4 protein chains.
Amino acid sequence: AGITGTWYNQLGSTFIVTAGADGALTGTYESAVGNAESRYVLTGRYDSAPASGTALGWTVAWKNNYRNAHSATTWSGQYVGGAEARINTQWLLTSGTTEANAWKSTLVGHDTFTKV
Amino acid sequence: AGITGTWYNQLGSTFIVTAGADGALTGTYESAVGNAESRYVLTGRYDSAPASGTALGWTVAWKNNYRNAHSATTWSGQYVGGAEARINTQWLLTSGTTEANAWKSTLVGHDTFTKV
Amino acid sequence: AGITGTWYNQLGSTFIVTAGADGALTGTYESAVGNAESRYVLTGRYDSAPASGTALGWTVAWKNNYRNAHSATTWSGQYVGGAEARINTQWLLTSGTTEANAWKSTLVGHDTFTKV
Amino acid sequence: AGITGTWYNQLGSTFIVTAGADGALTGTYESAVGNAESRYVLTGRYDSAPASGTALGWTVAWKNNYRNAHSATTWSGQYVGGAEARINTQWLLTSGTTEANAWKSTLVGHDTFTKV
Ligand SMILES: Cc1cc(/N=N/c2ccccc2C(=O)O)ccc1O
Ligand SMILES: Cc1cc(/N=N/c2ccccc2C(=O)O)ccc1O
Ligand SMILES: Cc1cc(/N=N/c2ccccc2C(=O)O)ccc1O
Ligand SMILES: Cc1cc(/N=N/c2ccccc2C(=O)O)ccc1O
């Protein structure tokens with residue numbers, strides 16, 4: 001119940017997710033930034049029997065029927081319930097590159113999601 | 001085909017994956033470290049229409065029928081095919097923590113997977 | 001002028017720094033968290049001819065005359081001037097470990113400093 | 001003695017360092033990549049009274065008499081002595097950016113330094 005719903009980050013992106021009783025996360029991501037357009041499929045996992053926040057993570061490959069950025073982001077973080085539910089994360093964005101450029105293929109950042 | 005198979009990291013963990021035509025990664029991860037015991041389920045996404053490496057990412061929540069570490073790792077990287085295929089990644093491992101310990105909830109590292 | 005001064009982060013730590021005309025950063029760090037006590041020496045570098053924010057970085061090894069945590073943190077970020085001067089960073093904290101534990105030796109986080 | 005010397009990473013960059021008795025690292029870094037040309041100054045800190053590896057870290061701002069990339073890298077890691085000594089690190093490279101691009105200002109990677 002907690003995790004399932006609609007969430008937004010500080011860039012204005014939208015994450016719609018359903019938490020399955022088996023630990024699965026499925027939904028769609030709508031990005032406000034990058035070489036973006038329309039929604040993208042996401043998939044992840046979460047601790048379905050937490051103790052503390054609830055550990056979780058998900059991935060988006062930035063390819064849909066309309067655009068392909070040849071890149072993927074993974075967000076790793078924890079869900080914190082309360083009056084104000086939040087998902088605090090750190091993320092890694094890797095771009096497909098040639099061997100010579102691989103050393104500079106990965107960005108790191110942090111995003112905070114607020115539930116709506 | 002390329003990504004689909006059994007891979008091993010430097011620690012000796014085993015990543016069994018199936019890459020779907022549509023961009024899904026599904027499979028099992030058997031760890032050689034941490035508060036482990038048995039296999040865990042993973043899910044991810046990948047660029048199913050690459051341009052040089054193939055961007056991808058996946059998540060494992062460290063909970064199975066035997067134990068629960070109340071944490072999850074996300075791996076973000078690229079698959080590089082050829083005679084000696086490899087998946088080069090960076091990872092983030094987040095633990096569920098109290099708010100007071102949240103500043104130190106996330107470890108970062110790098111893993112190289114090969115078929116040997 | 002800009003960077004030189006006293007700054008605090010969201011954990012309540014204090015950073016006192018002087019920016020030299022040659023790109024050097026020198027000062028002391030006073031930590032609110034960890035296996036801490038008293039102040040620690042810092043040293044870093046910054047872009048002394050920026051374009052955009054000003055790139056910079058610094059290190060603290062958590063050893064003084066009173067305690068030794070056998071660890072060091074590096075903060076990498078940029079200084080942004082204005083009414084409200086800020087230093088936005090991401091950091092890595094590495095602990096000295098045995099070979100068997102090296103894979104889990106490094107934490108990653110983010111800190112925002114406000115000038116006083 | 002141990003840390004003091006000339007080291008090389010996987011890219012072929014050269015790190016010339018002097019470790020002070022008190023915990024200071026000082027030296028020069030000559031890059032084999034990026035918007036480079038010549039040597040750059042570095043400064044860092046290290047644990048001068050280790051317990052297994054020796055925690056350390058350093059910064060380079062990418063500005064010299066010839067060019068300025070308006071960025072800086074920080075390396076955080078540990079020195080492991082012996083017959084075949086190594087410095088294993090993770091790094092963060094931050095570029096000075098406008099606020100609109102700040103979300104993607106930081107690259108993350110890993111470097112291994114050896115004496116060969
Ligand atoms: C659409 C698109 C988005 C993109 N990075 N997105 C993100 C990355 C990290 C954190 C948040 C976002 C975010 O969108 O909220 C990169 C290429 C691209 O084509
Ligand atoms: C079994 C178990 C494993 C664990 N970290 N593993 C990893 C973390 C990062 C990269 C690789 C692994 C790897 O296993 O290959 C953390 C909790 C836990 O219960
Ligand atoms: C005193 C002490 C501090 C410590 N982490 N500090 C930090 C690490 C990352 C970001 C901010 C801090 C901060 O202090 O603002 C780790 C061991 C230790 O003995
Ligand atoms: C000369 C130059 C280099 C640069 N990144 N270098 C690096 C970054 C991370 C790790 C190693 C290096 C390395 O050189 O070993 C970025 C701007 C620039 O002008």
Side-chain angles (χ1 to χ4, degrees), chain A residues 8-15 29-40 55 60 62-64 67-75 89 91-93 95 107-111 113, chain B residues 8-15 29-38 40 60-64 66-75 89 91-93 95 103-104 107-111 113, chain C residues 8-15 29-40 60 62-64 67-75 89 91-93 95 103-104 107-111 113, chain D residues 103-104:
Chain A
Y8 299 84
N9 76 359
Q10 71 291 342
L11 300 176
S13 295
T14 308
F15 166 48
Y29 202 96
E30 299 194 65
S31 182
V33 294
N35 174 204
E37 108 183 60
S38 191
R39 45 216 202 171
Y40 296 87
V60 172
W62 299 108
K63 162 40 185 133
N64 62 11
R67 324 202 70 169
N68 195 353
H70 299 311
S71 69
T73 299
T74 59
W75 287 260
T89 65
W91 48 260
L92 291 170
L93 164 51
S95 289
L107 295 174
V108 62
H110 45 102
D111 282 352
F113 292 91
Chain B
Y8 306 88
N9 64 9
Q10 72 291 333
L11 299 184
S13 298
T14 309
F15 172 42
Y29 195 93
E30 178 183 333
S31 177
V33 291
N35 177 212
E37 99 173 315
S38 187
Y40 300 83
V60 168
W62 302 108
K63 175 185 187 302
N64 67 8
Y66 303 102
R67 49 182 80 227
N68 184 358
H70 302 305
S71 64
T73 302
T74 61
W75 290 256
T89 66
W91 51 260
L92 297 168
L93 164 48
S95 284
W103 72 273
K104 40 55 163 298
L107 288 176
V108 65
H110 54 100
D111 278 354
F113 285 91
Chain C
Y8 299 84
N9 76 359
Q10 71 291 342
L11 300 176
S13 295
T14 308
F15 166 48
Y29 202 96
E30 299 194 65
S31 182
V33 294
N35 174 204
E37 108 183 60
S38 191
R39 45 216 202 171
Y40 296 87
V60 172
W62 299 108
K63 162 40 185 133
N64 62 11
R67 324 202 70 169
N68 195 353
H70 299 311
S71 69
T73 299
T74 59
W75 287 260
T89 65
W91 48 260
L92 291 170
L93 164 51
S95 289
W103 73 269
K104 76 295 220 326
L107 295 174
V108 62
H110 45 102
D111 282 352
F113 292 91
Chain D
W103 72 273
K104 40 55 163 298

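Counting starts at 1 for both ligands and their atoms, in listed order. Chain letters run A, B, ... following the sequence lines, proteins first, then strands; residues in each count from 1.
For the side-chain contact (heavy atoms from CB on, under 4.5 Å) test, residues two or more places apart in sequence or in another chain that qualify with C:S95 are C:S71, C:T97. Scored by the side-chain contact (heavy atoms from CB on, under 4.5 Å) test, C:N35 finds C:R67, C:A69 as partners (sequence neighbours excluded). B:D111 is linked by a side chain to side chain donor-acceptor pair (under 3.5 Å) to B:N9, B:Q10, B:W75, B:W91, counting only residues two or more places apart in sequence or in another chain.
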For ligand 3, run through the N/O pairs with the protein that fall under 3.5 Å and put one pair on each line.
unit_1, atom_1, unit_2, atom_2, d
ligand 3, 14 (O), C:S13, OG, 3.4
ligand 3, 14 (O), C:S31, OG, 2.3
ligand 3, 15 (O), C:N9, ND2, 3.2
ligand 3, 15 (O), C:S13, OG, 2.4
ligand 3, 15 (O), C:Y29, OH, 2.8
ligand 3, 19 (O), C:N35, N, 3.0
ligand 3, 19 (O), C:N35, O, 2.4
ligand 3, 19 (O), C:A36, N, 3.2

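Between B:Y29 and B:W62, the ring-plane angle classifies as perpendicular under the 30° and 60° cut-offs.
What you find for B:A72 and A:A55 is that their closest heavy atoms are N-CB, 4.0 Å.
The main-chain N or O of B:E37 is found under 3.5 Å from a side-chain atom of B:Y40 such that the two form a donor-acceptor pair.
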